[PDB]
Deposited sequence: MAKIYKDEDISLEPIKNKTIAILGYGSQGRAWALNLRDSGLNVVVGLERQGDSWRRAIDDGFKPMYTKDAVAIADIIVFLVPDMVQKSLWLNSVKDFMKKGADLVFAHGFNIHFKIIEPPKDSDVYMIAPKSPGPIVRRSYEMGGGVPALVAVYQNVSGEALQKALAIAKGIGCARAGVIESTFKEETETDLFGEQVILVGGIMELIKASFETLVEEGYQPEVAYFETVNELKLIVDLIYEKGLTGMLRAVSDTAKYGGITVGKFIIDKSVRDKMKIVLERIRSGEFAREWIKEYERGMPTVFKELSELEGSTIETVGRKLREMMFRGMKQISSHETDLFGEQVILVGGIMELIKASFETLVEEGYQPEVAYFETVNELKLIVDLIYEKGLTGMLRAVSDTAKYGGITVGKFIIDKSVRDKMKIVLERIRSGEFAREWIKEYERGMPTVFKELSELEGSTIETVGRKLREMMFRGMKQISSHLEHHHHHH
């Protein structure tokens, strides 16, 4: 697929249009700031003078009320929570917008699941950054960007795609790479990625590793540090150089440990569970369940957030990060190398087997994980969870423990015990006397694999001039 960069895209299609950004949260603030820095005409539209109104004023915007912003808009962007969009649309947009104004989304959920039926005489299109909102901004302001999908649901001008690409450039995404997709593909892959790996999976893997180290007798501060530091090292290596590059950066013993432990901790049953998660998404069952939860007041989301914020793991992480700010395990290596490699691989391959563009699968299940893990490293799980959408919070909370279930810390424990006893060392010394056939066989299968051949091509194009 074509991966569009800055030199491929003109801003001219949006140059003199008034762009109304509805909402000023995680994506909304990022888009508004980025678009304004890129020279475009932005107004911020809000329902209320609340927290995000105050934030927008502090950033030099003068927000308008939603109905007033949409009256003067050529392009209307829905950057409020997915569950809120129908109500905003019905009450503040539909009867107030210019006739023919563009309707623009950052996630396909409402259009794809037919929650909002747009008018027939508007362009309807999407730019979906494959990044948490704050990193859309942070990348842009460092002179870089994050990847994005664009899609067109309804073309009435005949230039909807060019306008989507222009907006993607305007928010910095063409510095990294933009791929054309569909509302269906974006929605399905996006919900899948956040549920199984980007929010749900990684969060539960981190908790499992932390708990397991603590049960084995490590002090909490050491269990936290070992977990998150090794996670960052491993995910950074993959982000830069793929699975093969990561494996070549660690010892042969760690290669063998990673490879074997990974398939133990993350086994076929997990691949089956990922397909279940995908079908629940495809069939509309997730959407119906999320709508029902939302209409109850999102009690599951509020509960989880408040338990997480108060938890031992988050208290310990906050204390650790603060002590590091102010200046003040080889089992864990292989458990994480294995667990993260096989979770990535299973997530990516599920999407590719199901027919989605492999490039989209790579942005969603590989590239974006580095951005997530950077947020976790900097701000803890609670900071990460605050940055992601409510849809992703709910998906992660419900699916994460399905993918990484209780048994995974049980398997971790077993592996950790074999390491501590010197049993893992005997086992490495042996496979080694067979000429490391398990290691060479895996390197050989990785070399030819879709994830590595696509990743290498994309990483070359992405890090071109970034």
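In this entry, the deposited residues absent from the coordinate set span 1, 330 to 338, 477 to 490.
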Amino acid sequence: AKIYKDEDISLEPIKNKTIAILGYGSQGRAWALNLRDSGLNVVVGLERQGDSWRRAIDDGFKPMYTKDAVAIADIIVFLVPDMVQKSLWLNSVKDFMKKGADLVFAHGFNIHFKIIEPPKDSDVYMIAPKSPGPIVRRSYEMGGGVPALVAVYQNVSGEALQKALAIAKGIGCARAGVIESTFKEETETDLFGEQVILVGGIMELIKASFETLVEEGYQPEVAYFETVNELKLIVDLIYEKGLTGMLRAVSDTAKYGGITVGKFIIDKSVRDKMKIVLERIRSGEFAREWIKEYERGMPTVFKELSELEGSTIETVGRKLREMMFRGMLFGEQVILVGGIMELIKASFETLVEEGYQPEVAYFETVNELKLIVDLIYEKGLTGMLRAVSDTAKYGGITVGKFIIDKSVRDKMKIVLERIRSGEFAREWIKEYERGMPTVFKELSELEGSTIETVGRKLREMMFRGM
From here on, numbers count along this sequence of modelled residues.
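Note on 20 to 28 vs 439 to 447: mean CA B-factor is higher in 439 to 447. Set 73 to 81 against 330 to 338 and average the Cα temperature factors; 330 to 338 ends up higher.
The top Cα temperature factor in the record, among 363, 394, 264, 192, falls on 264. Within the selection 404, 35, 44, 416, the deposited Cα B-factor values reach their highest point at 416. Residue 320 sits in the highest third of its chain by CA B factor, as recorded in the PDB entry. When the modelled residues of the chain are ordered by C-alpha B-factor, residue 142 sits in the highest third. Sorting the modelled residues of the chain by their CA temperature factor places residue 131 in the lowest third. The entry lists a Cα temperature factor for residue 172 that places it in the lowest third of the chain's modelled residues. Per the PDB record, residue ranking by Cα B-factor puts residue 87 in the middle third of the chain.
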